[PDB]
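J.: Chains as they are written, first to last, in PDB author numbering: chain Z, 300 to 362; chain G, 427 to 489; chain U, 4 to 438; chain S, 7 to 503. Note that CB positions come from ideal geometry on N, CA and C, so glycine has one too.
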Ligand SMILES: OC[C@H]1O[C@](CO)(OC[C@@]2(OC[C@H]3O[C@@](CO)(OC[C@H]4O[C@@](CO)(OC[C@H]5O[C@@](CO)(OC[C@H]6O[C@@](CO)(OC[C@H]7O[C@](O)(CO)[C@@H](O)[C@@H]7O)[C@@H](O)[C@@H]6O)[C@@H](O)[C@@H]5O)[C@@H](O)[C@@H]4O)[C@@H](O)[C@@H]3O)O[C@H](CO[C@]3(CO)O[C@H](CO[C@]4(CO)O[C@H](CO[C@]5(CO)O[C@H](CO[C@]6(CO)O[C@H](CO[C@]7(CO)O[C@H](CO[C@]8(CO)O[C@H](CO)[C@@H](O)[C@@H]8O)[C@@H](O)[C@@H]7O)[C@@H](O)[C@@H]6O)[C@@H](O)[C@@H]5O)[C@@H](O)[C@@H]4O)[C@@H](O)[C@@H]3O)[C@@H](O)[C@@H]2O)[C@@H](O)[C@@H]1O
Ligand SMILES: OC[C@H]1O[C@@](CO)(OC[C@H]2O[C@@](CO)(OC[C@H]3O[C@@](CO)(OC[C@H]4O[C@@](CO)(OC[C@H]5O[C@](O)(CO)[C@@H](O)[C@@H]5O)[C@@H](O)[C@@H]4O)[C@@H](O)[C@@H]3O)[C@@H](O)[C@@H]2O)[C@@H](O)[C@@H]1O
């Protein structure tokens, strides 16, 4: 369990309502799954808690 | 303009890359919204910033 | 010589507990006690009657304590110097149908507030031999058999039973290959109604849009009509005079049902003064009404020859701005109701500025409101906004520009060659929301 | 091993100091940080029992913010009573505990603490904030009443905004609770009346807020002949502490009843700058003391105030309320804190950069001239008097000032602007914030700075109180500067303990 990604990287993956990355306010608040538009690359790069681990429904990442 | 076209190609690939996480919309309320940059005149610093962000969101966790 | 004398050999198991006259089932894997109670039972003043712990164990709660069990209650059982934490949950008997499918269409607008299900299976499939499957939360028996061939021409009635809980459900499937679209008015019907602006808007909607219906706030409140049956709902609220007028009390009451419908995923087209309603619906992240709002009496509207227009810069590819009649080759400028025509300054938009509003620039407005500015008013004002779904929700199209008009003191408003853009934009928005 | 001692007194080079995990004067526990003080006067022990919330940098995502009690009697010394009320479970409504109030009932010899429980990830049908009560027989052990749940939505108030229960007893013998909640989009301080603190009746709305803002930690009290409402503004652009005045309770309620804007004084009711929040007052019968928390700075950078609103929690700070003849309120140093400083330190000039001259204790400075003094200590009290040429001068006191210091953090008292400004000087020249106060007509300023480690409070002729978080300020030289006018400083005294 090394090489953990960073909340800064998750916020960078977070995008705006126009589909462009937030160039100045991406890191102001942590990424919210229910309200913030997100690049689909985030779910291939980083495994967030509450989501399948490597596209496996039997292994849901928990906090 | 050619550089922006290449960045748009990468962004379009990212947008289409939803073959394994399509059900996330109805399963966890994940909003996917990424769009290619508009093809127009761009300043050098703006283009460099956009490219840096594209590199960050593309090669994250890839050392 | 090495032991610390902490007395760790004690046991902290919980055998069973009884609340009033209802025993609880204990699961040790998740340390969860579940107590089932009747649906009408009041759990705000429950009384602990017995609690059989292990030998020498002591719990936080005592026998005979009065507890409010509206939420899960934590309990700590201590024996010597070891402890275990359990959670007690008191659940009333419920039987809710989660999902319903007519053998061909998994999606279906289901609301438990009115116990209704609306389905849009096409009429091409024979109605008589339609079988319906469903998924329910737990242990609840539905009187019609799952996947049973039943006729769905009439509203079908289902009953779900789970111990002491019995609930009804009404399922209706209907379409004529055209998705229904509804118009919301103040009250009563289209014929008996005030606000000739809204009357003309509704009349034009019935004339143009195929299979268009009208619903009222009182009807949606008392349950005469179901919001889930319609996909797109159009509101064109317009006060006679005054700025930022309060919304009707009936609209405020129906706001909860409208929010439920939006969460279920219905499309909304809001125009004129029906833009303060997004604050009630929770559509905007900022939860704030548009800042700019002014009104004028329709009795004596202003008449100006200035060609009021929209300034769409990057939204020309949006299906909303399609098949428009541009005066010249400038596709970015969209002309509407130019020359001398009865126009009322009843617009309500946002201001892109940092001196009275918290909308310093377009990026700040976009980040705060969480929407897309399709059009601009020519003075740093967002007149047309689009709100994409947040979590399987509907899509909202807000029009807050003064060019949007249907009725005025001027006779034959269609005799302008530029007011037709209003009809074209409305039709484009309706089609885009219908998909 | 022979220990080596550096020449602290005799050098003006900038030194990288550090802050201890514990604080003595401006209390801060060795573990965690103080947030949202809840003062209370014990009628039995005849002391001040201030509780708070024990914030942590890695707060748990679901359950956090317990309540820790601190006993004091003067405002200078503080002892800790440990955890008093603990946070509930993940699924409980009191997973996170908000600010509350405390009241003693002689009727049953019981302390009642009313706090706010915050539901973790509340549902649509679940109230986000609920007022709860805990009872104690001796203030040591507390038992939460599981049958008490004052739901905000019961009386038509907002579900997600129902906070800060403040309890006070009037002469008629009925206890009143004020809740800072929201009604139909408007901020309302609602009043609940009780006679036994077990059953409550909503006696309408006590007051309405000014220009759709939000008020944090309301505190209504009476000081001699006026009724005062201390509150903290929740607005991001303000993030300060204001107050309202009124001859009677009726007048106080009629104040700002509907966009009235009846400001208590000419400075819009200012008490302190951005570095003081959640100010709540308590009286022992002879003096009134207000407790708040000076926030910390991310990265230990004094210039990193932060966007919108600063970091939460910090160091507990106690000030003494001073009531003037016109009813205005000003903050003063507590008497115990002032008298704690006993030892005196000799002061002498380190650097001569400006055109200033020295004639003993008197130093005359022109525009662009500054003087640098010797190093400070962990606890410092700097007192001096500055006479300006007119009422349009800009003098300033700079901390973290050295010979090689690239940047220093300054407080400039601008008489022309009629205020003080905390800014960062040096290679950045950044403006941080300010505070308005009353300019003396005689061009005389009595400046007294009380600094504990990295928290310093500046008092200007009993008219301005200015709290600041200045890291590295201990064991570093301080300087006086002038920018536009002419000043004359004298009676410079530095005391340490
Ligand atoms: O009650 C009554 C009412 O009101 C309301 C309330 O709420 O609300 C509302 C409001 O709003 C506001 C605004 O808005 C407006 C604007 O103007 O408007 C709106 C409205 O109106 C309208 C109607 O109609 O309109 C009008 C507008 O609009 C327009 C446009 O947009 O118009 C238009 C027109 O046009 C027409 C024609 O004619 O039409 C048009 C047509 O055409 C077209 O286009 C085409 O066709 C179309 O469109 C059409 O058709 C017509 O019709 C029309 O008309 C524009 O023009 C106009 O404008 C509409 O829109 C709407 O509806 C008005 O109205 C108003 O005003 O109101 C109210 C008012 O109030 C006030 C005023 O503002 O506010 C305030 C309050 O609030 C707040 C919160 O709450 O607060 C604050 C302020 O305050 C104060 C005082 O008191 O302040 C302070 C603070 O703050 C601040 C921030 O920024 O701070 C600052 C200061 O500074 C200083 C000091 O401290 O400085 C410093 C610096 O430092 C330095 C520098 O560096 O350093 C150095 C060394 O030393 C030196 O140098 C220096 O020192 C620092 O520190 C700082 O910063 C300041 O600045 C500020 O202020 C405190 O104290 C306080 O707080 C704010 O912010 C906020 O807001 C108050 O005060 C006042 O009174 C309000 O409230 C509101 O909001 C309702 O509810 C009721 O009912
Ligand atoms: O825990 C997450 C992160 O944020 C903090 C900030 O304090 O904790 C948030 C958490 O603290 C609570 C109770 O534990 O309230 C804090 C207590 O302090 C008061 C001032 O006396 O509030 C100041 C504080 O409240 C803030 C941010 O929390 O805004 C309140 C927030 O509550 C809403 O209702 C959200 O729906 C909104 O009105 C508003 O956005 C901010 O304005 C201030 O910094 C008291 O009000 C309160 O007793 C909870 O209210 C809150 O959830 C940090 O501990 C931690 O790092």
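(1) Taking residue 317 of chain U as the query, report the chain G residues whose CB atoms sit under 7 Å from its CB, ordered along the chain.
(2) Give me, in chain order, the residues of the same chain whose beta-carbon lies closer than 7 Å to that of residue 460 of chain U; leave out the 5 immediate sequence neighbours on both sides.
(3) Of all Cβ atoms in chain U, is any one closer than 9 Å to the Cβ of residue 472 of chain G?
(4) Got a sec: does ligand 3 put a non-hydrogen atom nearer than 8 Å to the Cβ of residue 350 of chain U?
(5) One question on the structure: do residue 163 of chain S and residue 188 of chain S come within less than 9 Å of each other, judged by their Cβ atoms?
(6) Counting only Cβ pairs nearer than 7 Å, list the residues of chain Z close to residue 459 of chain G.
(7) With DSSP collapsed to three states, give me the class of residue 372 of chain U.
(8) What residue range is occupied by the uninterrupted beta strand (DSSP E) comprising residue 405 of chain S?
(9) Tell me whether the stretch 459 to 472 of chain S and the stretch 416 to 433 of chain S touch, counting them as touching only if at least three CB pairs, one residue from each stretch, are closer than 8 Å.
(10) Going along the chain, which residues of the stretch 71 to 85 of chain U sit with their C-beta nearer than 8 Å to a C-beta in chain S?
(11) Thinking C-beta only, is residue 21 of chain S closer than 9 Å to residue 3 of chain S?
(12) Give me whichever residues DSSP pairs with residue 350 of chain S in a beta bridge.
(13) Give me the chain G residues within the contact set of residue 304 of chain Z, using Cβ-Cβ distance strictly less than 8 Å, ordered along the chain.
(14) Relative to the alpha-carbon of residue 150 of chain U, which residue among U:107, U:414 and U:364 has its alpha-carbon at the smallest distance?
(15) With hydrogens ignored, establish whether the beta-carbon of residue 239 of chain U is closer than 8 Å to any heavy atom of ligand 1.
(16) Under a Cβ-count criterion, where at least 16 other Cβ atoms within 10 Å of its own Cβ denotes burial, should residue 316 of chain Z be classed as buried or exposed?
(17) So which residues on chain Z does residue 391 of chain U lean against when the C-beta distance must stay under 9 Å?
(18) Start and end of the alpha helix (DSSP H) containing residue 340 of chain U?
(19) I'd like to confirm something about residue 366 of chain U: is its beta-carbon nearer than 8 Å to some heavy atom of ligand 2, or not?
(20) Could you give the C-beta distance for residue 2 of chain U and residue 183 of chain U, rounded to a whole number, given that I count them as a contact under 8 Å?
(21) Taking the runs of the beta strand (DSSP E) that are 3 residues or longer, which of them lie wholly in the stretch 403 to 447 of chain S?
(22) Comparing the CB of residue 132 of chain U with every heavy atom of ligand 2, is any distance shorter than 8 Å?
(23) Mind listing the chain U neighbours of residue 452 of chain G? Cutoff is C-beta to C-beta under 9 Å, in chain order.
(24) State the beta-bridge partners of residue 313 of chain U as determined by DSSP.
(25) Check the C-beta distance from residue 485 of chain G over to residue 339 of chain Z and give it rounded, since I have them as a contact under 8 Å.
(26) Could you have a look at residue 57 of chain S and say whether DSSP puts it in helix, strand or coil?
(27) Distance cutoff 9 Å, beta carbons only. Does residue 366 of chain U sit that close to anything in chain Z?
(28) Go ahead and label residue 287 of chain S buried or exposed: buried means 16 or more other beta carbons lie within 10 angstroms of its beta carbon, across all protein chains shown.
(29) Measuring alpha carbon to alpha carbon, tell me which of S:310, S:309 and S:320 ends up nearest residue 299 of chain S.
(30) Under 8 Å, CB to CB, which of the residues in the stretch 348 to 359 of chain Z have a partner in chain G?
(31) Listed in chain order, which residues of the stretch 350 to 382 of chain U have Cβ atoms closer than 7 Å to some Cβ of chain Z?
(32) Give me the Cα-Cα distance between residue 220 of chain U and residue 264 of chain U, rounded to the nearest whole angstrom.
(33) Below 8 Å CB to CB, which residues in the same chain sit around residue 136 of chain S once its five sequence neighbours on both sides are set aside?
(34) Does the Cβ of residue 133 of chain S have 16 or more other Cβ atoms within 10 Å, making it buried, or fewer, making it exposed?
(35) Which of the three DSSP states, helix, strand or coil, is assigned to residue 13 of chain U?
(36) At a Cβ threshold of 9 Å, is residue 430 of chain G touching chain Z?
T.: Let me lay it out:
(1) The answer, in chain order, is 464.
(2) The structure shown does not extend to residue 460 of chain U, since chain U spans only 4 to 438, so no value can be given for it.
(3) So no, residue 472 of chain G is outside the interface.
(4) Within the structure as shown, ligand 3 is missing, the only ligands being ligand 1 and ligand 2.
(5) In this structure, residue 188 of chain S lies closer than 9 Å to residue 163 of chain S by Cβ.
(6) Those within 7 Å of residue 459 of chain G in chain Z are 314, 316, 318 and 336.
(7) Secondary structure at residue 372 of chain U: helix, using DSSP grouped into helix, strand and coil.
(8) Taken as a continuous stretch (DSSP letters only), the beta strand (DSSP E) holding residue 405 of chain S covers 400 to 405.
(9) Touching, per the Cβ criterion.
(10) The stretch 71 to 85 of chain U vs chain S, Cβ under 8 Å: 71, 73, 74, 75, 76 and 77.
(11) Because chain S in this structure spans residues 7 to 503, residue 3 of chain S falls outside the shown range and cannot be described.
(12) Answer is S:501, bridged to residue 350 of chain S.
(13) 486 and 487, listed in chain order.
(14) When only C-alpha atoms are compared, the closest one is U:107.
(15) False, no ligand heavy atom lies under 8 Å from that Cβ.
(16) By the 10 Å Cβ count, residue 316 of chain Z comes out buried.
(17) The contact set of residue 391 of chain U on chain Z, defined by CB atoms closer than 9 Å, consists of 316 and 336 in chain order.
(18) Counting along the chain, residue 340 of chain U falls outside any alpha helix (DSSP H), and DSSP gives it neither H nor E.
(19) For ligand 2, not one heavy atom lies less than 8 Å from the Cβ of residue 366 of chain U.
(20) Coverage of chain U is limited to positions 4 through 438, which leaves residue 2 of chain U absent and any answer about it impossible.
(21) Listed in chain order, the complete beta strand (DSSP E) runs (minimum 3 residues) inside the stretch 403 to 447 of chain S are 415 to 420, 425 to 430 and 436 to 442.
(22) Residue 132 of chain U Cβ: outside cutoff for every heavy atom of ligand 2.
(23) Those are 395, listed as they occur along chain U.
(24) Paired residues: U:337.
(25) Wrong, their Cβ atoms sit about 16 Å apart, outside the cutoff.
(26) Of the three classes helix, strand and coil, the one that applies to residue 57 of chain S here is strand, per DSSP.
(27) So, interface residue.
(28) Residue burial annotation: residue 287 of chain S is buried, with at least 16 other C-beta atoms found within 10 angstroms of its C-beta.
(29) Considering only S:310, S:309 and S:320, the residue with the shortest C-alpha distance to residue 299 of chain S is S:320.
(30) Listed by position, the residues of the stretch 348 to 359 of chain Z near chain G (Cβ gap below 8 Å) are 349, 350 and 354.
(31) Those would be 369, 370, 373, 374 and 375, in chain order.
(32) Distance between the alpha carbons of residue 220 of chain U and residue 264 of chain U is about 14 Å.
(33) Leaving aside the five residues that flank residue 136 of chain S on each side, the residues in its chain whose CB is nearer than 8 Å to its CB run, in chain order, 99, 100, 122, 123, 125, 155, 156, 157, 158 and 168.
(34) Buried: at least 16 other Cβ atoms inside 10 Å.
(35) Judged by DSSP in its simplified three-state form, residue 13 of chain U adopts coil rather than helix or strand.
(36) At a cut-off of 9 Å between beta-carbon atoms, residue 430 of chain G makes no contact with chain Z.
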